[PDB]
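As C-alpha cells, the structure follows; a few thoughts come after it.
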Protein chains: 2
Amino acid sequence: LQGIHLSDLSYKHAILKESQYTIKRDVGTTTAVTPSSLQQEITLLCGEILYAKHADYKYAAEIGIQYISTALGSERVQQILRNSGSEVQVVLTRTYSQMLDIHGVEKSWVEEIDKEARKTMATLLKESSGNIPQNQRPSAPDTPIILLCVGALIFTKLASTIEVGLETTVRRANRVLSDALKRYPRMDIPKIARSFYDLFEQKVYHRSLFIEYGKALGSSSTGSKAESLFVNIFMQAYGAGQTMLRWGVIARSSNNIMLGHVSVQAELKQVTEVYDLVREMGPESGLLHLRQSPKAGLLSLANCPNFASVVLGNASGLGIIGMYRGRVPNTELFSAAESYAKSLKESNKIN
Amino acid sequence: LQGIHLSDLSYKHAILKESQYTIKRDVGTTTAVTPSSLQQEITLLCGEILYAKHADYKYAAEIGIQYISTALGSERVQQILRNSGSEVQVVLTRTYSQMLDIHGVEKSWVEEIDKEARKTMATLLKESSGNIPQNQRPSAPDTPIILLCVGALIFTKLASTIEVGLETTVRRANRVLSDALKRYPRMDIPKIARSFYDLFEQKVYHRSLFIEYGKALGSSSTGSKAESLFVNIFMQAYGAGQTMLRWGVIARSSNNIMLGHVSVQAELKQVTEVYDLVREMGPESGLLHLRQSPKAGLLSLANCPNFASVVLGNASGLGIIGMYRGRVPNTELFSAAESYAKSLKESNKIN
RNA sequence: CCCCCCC
RNA sequence: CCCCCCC
RNA sequence: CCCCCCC
C-alpha cells in the first residue's frame, strides 16, 4: 500500500508556478507618483492633513502613498507596479502656485485641506501664546510616517472585514499613536483609516507598493521612532490571512492529546503537505494574503475539517481564540479539545 | 515465478508518449481573439452582460474567453491554441461605431446586449436617487472575472453531465458569488452557465486556453478578490474526472481492513502501477480529463473491479460518496466495506 | 472559494 | 508597536 | 470506452 500516494497540493503549486505566460491587467489605467525631489513638500501635505479637522478625508491614503513614492523614487515605484503583475502607467506629479498637482487627486481637495490647516494654525497662534513646540507643527518630518502608521494599522486588517478593520484601527491607534495624538489633538483616525482601506481595496497593486516600503524601511540602518513603529506594525501584519497555520503550530507546541485521534492522524499527512508548501514558497509566503496573491488559498487548511476543529478547540481553551469568527466543522472535537486545553492551562506543572 | 511479469500500463503509456507524428485537427477553422489594447473596452462588455436581464445569452462564454485573450495577449493565445494540438487560426478583433466586432459573434447580439444594459441603466438612474456605488456599475474591473467565475464553476463540472453541471453551478454560485449577486441583482447564472458549457463542449481547445488563464492568474503576485476566487475554483477543478484515485488514497488513509482481502491484494499490483503512471506524468496529470486529453483513460481504475468496489464502499461508509453515480462492480465487498467504514466513523478512538 | 481574534 | 535598572 | 458527489 506504499505506492497508493497522490501528492495533489505539490502538483497544484507546480502547475501554478511553472507558467510561461504573464497575466495582463489594468492596461488602460494610470496612477500618480511623486519624485523624491518633492519630498520636503509632500511631508508638509502629509502633516497638513493631521492637525486640522477636515470635512473630507477622501485622498489621505493617496497622500501617504505619495510619500512612499518619494521615499522609494518614481522609477522604483513604476518598476514595482510593473513587476506586481499590473501594467498601470505612473503619471508624475507637478507643482503650481506652492502646492502639488497630484494625478487623480482634485486640486480643490488639496486646496481645501491646506486652507483648513492654515486657518487652524492661525487660530492656534492668535489665541495661544505663540509657543508652538518643534513637534506640533505640520512641517514635522515624522508626520508622513504617522499617516502611513494609520495606513499600516488598517493594513494589518485587510484579511478581516471593513467594520472590524476600522474598529481595530481606532482602538489600536488610540494607544499605539498616543504620542502623535498628544502632539496633534485633532486627528481623525476613523476617516483616515476609511480612506486607506478604500485605497487598498480599489488599487491592489498599492499593497505591493506598501509592502516594498516596509522592506525599504526595515532594511535601513537608522530611523526615527515613527519609522520604527511603522516597521513594528508592518511585521505584525506578516502572517495575515493565515492564522490557522499559526494556531496549528501553537497546538503542536501545546502537545494536545487529541492530535492523536484517528481522523486527525488521517489528515496530518496533507496538513504536513501544506506546511511543506509553506516552506517551499519560503519568506514571501506570509505576504500572500496581504498582496491578495491568487496563489494564496493553496495554504488553506479548509480541506482538513477535523484538524481545523481540533486546532480551533485548542486555541479556544488557551484563550487565544478571542472572538475569532471562523467556522468549526466538527463540534465534538472542538469541545473536547477546548476542555483539554483549559485543563492544561489551569494546571501548573514544572519540570 | 518472479519472471512472469508483464507491465502493460507502462507499455501503453510508452507507446502513447513516444510518437514522432503530430495530429492535425480543425485545419480549416478559425476563432476570435481580442488584443490587450482593447481590454478596457472588453471589460465593459463583460460587465454589460451582468446587470441587465437579456433574452439571449448565447455568446457570453465567448466574451469571457475574449477577456482571457486580452489578459494573455493575442500572440500567446494563438501559440497556446497551436500547441494544444489544434490548428485553429486566430482572427483578430476590430472596433466600429464605440463597440467591438468579434469574429463569430453577430453584431446584432452585441448591440442588443448593449442596448438592453443602457436601458436598464437609464431606468435605475431615473427612478433611483442617482447614488450608484463604485462596485455596481458595469465598468467595474472585476466584472470580467465574475463572468469567468461562472465559467469556472461550470468548468469544474465538465466531467459530469450537463444537467448536473448546471444545477451545481447555480447552487454554488448563489453562495460563492453572493457579493456579485448583491452588486448585480439581475444576473442569470443558469443561462451564462449554459453558454459556457456549450463553448467548452464545442471548442475543446478553449479548455486549454482556459487552463492557461488559471496558470497565468495563479502565478501573479497580486490580484483582486474576484481573481483569487477564480483561482480557488480553478484549483478545485484540478482532480476532475479522477475522483476514483482520490477516494482510493482516502481509503488507504482510512486503513480499511478489506484492503487485505485476496482479490484486492491481487489487483493492488496494477493499482500501484496506475498510481506510478500518475507520478510519471506528474503535475499535468490532473488536467488530463479537464482538457479531454485522449491520454486520459490510462488512469482509469475500471480494470480493477474489486478494488473499485472496496474504495466506493469505504467512501459510502465515510459519507464522502454523497450522490455519486458510478458503478459498483462487486456488491458484496461494497456493502461490507461500507459497513466497516460506518463502524470506524462512529467509534471515536484517540491515540 | 478563501479570510475573519489580540498586540 | 518596541524600549525602560546599575556601572 | 471513460467520467459521474460536496466545497
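Just remember, in the C-alpha cells the first chain shown is A, the second B, etc., residues are 1-based per chain, and ligands are 1-based in the order shown.
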
Exercise. Do you know which residues are at most 10 Å from residue C:2 counting only C-alpha atoms (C1' of nucleotides), after dropping those on the same chain fewer than 5 positions away, and could you put them as a PyMOL selection string?
Worked result: (chain A and resi 159+241+289+296-300+302) or (chain B and resi 225+228-229+232)

For this session: Output as JSON, numbers by chain the set of chain A residues within 6 Å of chain B, with distances taken over only C-alpha atoms.
Result: {"A": [3, 4, 11, 16, 17, 19, 21, 22, 23, 24, 84, 85, 260, 261, 266, 291, 292, 293, 294, 295]}

Problem set entry | 12 Å contacts from chain A to chain E using only C-alpha atoms (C1' of nucleotides), as a ChimeraX atom specification | /A:302-305

Write the residues you've just listed into a file as a PDB file, in the first residue's frame, and include N, CA and C atoms for each of them.
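Output (selection38.pdb):
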```
ATOM      1  N   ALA A 302      -8.755  24.347   4.960  1.00  0.00           N
ATOM      2  CA  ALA A 302     -10.185  24.066   4.974  1.00  0.00           C
ATOM      3  C   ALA A 302     -10.508  22.649   4.527  1.00  0.00           C
ATOM      4  N   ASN A 303      -9.595  21.983   3.832  1.00  0.00           N
ATOM      5  CA  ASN A 303      -9.811  20.607   3.411  1.00  0.00           C
ATOM      6  C   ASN A 303      -9.471  19.593   4.499  1.00  0.00           C
ATOM      7  N   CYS A 304      -9.174  20.043   5.716  1.00  0.00           N
ATOM      8  CA  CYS A 304      -8.941  19.160   6.858  1.00  0.00           C
ATOM      9  C   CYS A 304      -9.841  19.592   8.005  1.00  0.00           C
ATOM     10  N   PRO A 305     -11.141  19.317   7.900  1.00  0.00           N
ATOM     11  CA  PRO A 305     -12.082  19.830   8.905  1.00  0.00           C
ATOM     12  C   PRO A 305     -11.806  19.345  10.315  1.00  0.00           C
TER      13      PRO A 305
END
```

Problem set entry | DSSP-assigned helix (DSSP H, G or I) members of stretch 126-249 of chain A, reported as a PyMOL selection string | chain A and resi 126+143-155+162-176+178-183+189-202+205-218+225-236+243-249

Please identify all polymer residues within 12 Å of residue A:97, counting only C-alpha atoms (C1' of nucleotides), omitting same-chain residues fewer than 4 positions from it, and present them as a PDB file with N, CA, C and O atoms, in the first residue's frame.
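The resulting part-v5.pdb:
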```pdb
ATOM      1  N   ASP A 101       0.086  69.208  -7.656  1.00  0.00           N
ATOM      2  CA  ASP A 101      -0.959  68.753  -8.572  1.00  0.00           C
ATOM      3  C   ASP A 101      -0.775  67.253  -8.778  1.00  0.00           C
ATOM      4  O   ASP A 101      -0.088  66.817  -9.705  1.00  0.00           O
ATOM      5  N   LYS A 107      -7.525  69.239  -7.327  1.00  0.00           N
ATOM      6  CA  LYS A 107      -6.839  70.368  -6.710  1.00  0.00           C
ATOM      7  C   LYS A 107      -7.717  71.059  -5.681  1.00  0.00           C
ATOM      8  O   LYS A 107      -7.204  71.661  -4.733  1.00  0.00           O
ATOM      9  N   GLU A 111      -6.390  72.101  -1.963  1.00  0.00           N
ATOM     10  CA  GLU A 111      -6.559  73.485  -1.536  1.00  0.00           C
ATOM     11  C   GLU A 111      -7.424  73.576  -0.289  1.00  0.00           C
ATOM     12  O   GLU A 111      -7.144  74.376   0.607  1.00  0.00           O
TER      13      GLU A 111
END
```

For this session: Calculate how many Å separate atom CA of residue A:30 from atom CA of residue A:87, rounding to one decimal.
Result: 8.6 Å

For this session: Grab the atom CA of residue B:132 to atom CA of residue B:44 distance for me, in Å with one decimal place.
Result: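 Going from atom CA of residue B:132 over to atom CA of residue B:44 covers 16.1 Å.
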
Problem set entry | Selection near residue B:191, 10 Å with only C-alpha atoms (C1' of nucleotides), sequence-local residues under 5 positions removed, as a PyMOL selection string | chain B and resi 54-58+60+166+170+196-197

Would you output that residue set with C-alpha atoms, as a PDB file, in the first residue's frame?
```pdb
ATOM      1  CA  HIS B  54     -31.138  39.692 -21.524  1.00  0.00           C
ATOM      2  CA  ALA B  55     -33.344  37.471 -23.665  1.00  0.00           C
ATOM      3  CA  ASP B  56     -30.384  35.760 -25.391  1.00  0.00           C
ATOM      4  CA  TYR B  57     -27.195  34.799 -23.525  1.00  0.00           C
ATOM      5  CA  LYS B  58     -25.709  32.839 -26.418  1.00  0.00           C
ATOM      6  CA  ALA B  60     -21.431  35.170 -23.028  1.00  0.00           C
ATOM      7  CA  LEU B 166     -25.905  23.474 -14.435  1.00  0.00           C
ATOM      8  CA  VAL B 170     -26.418  27.612  -9.872  1.00  0.00           C
ATOM      9  CA  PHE B 196     -20.065  28.328 -21.052  1.00  0.00           C
ATOM     10  CA  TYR B 197     -20.848  24.604 -21.065  1.00  0.00           C
TER      11      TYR B 197
END
```
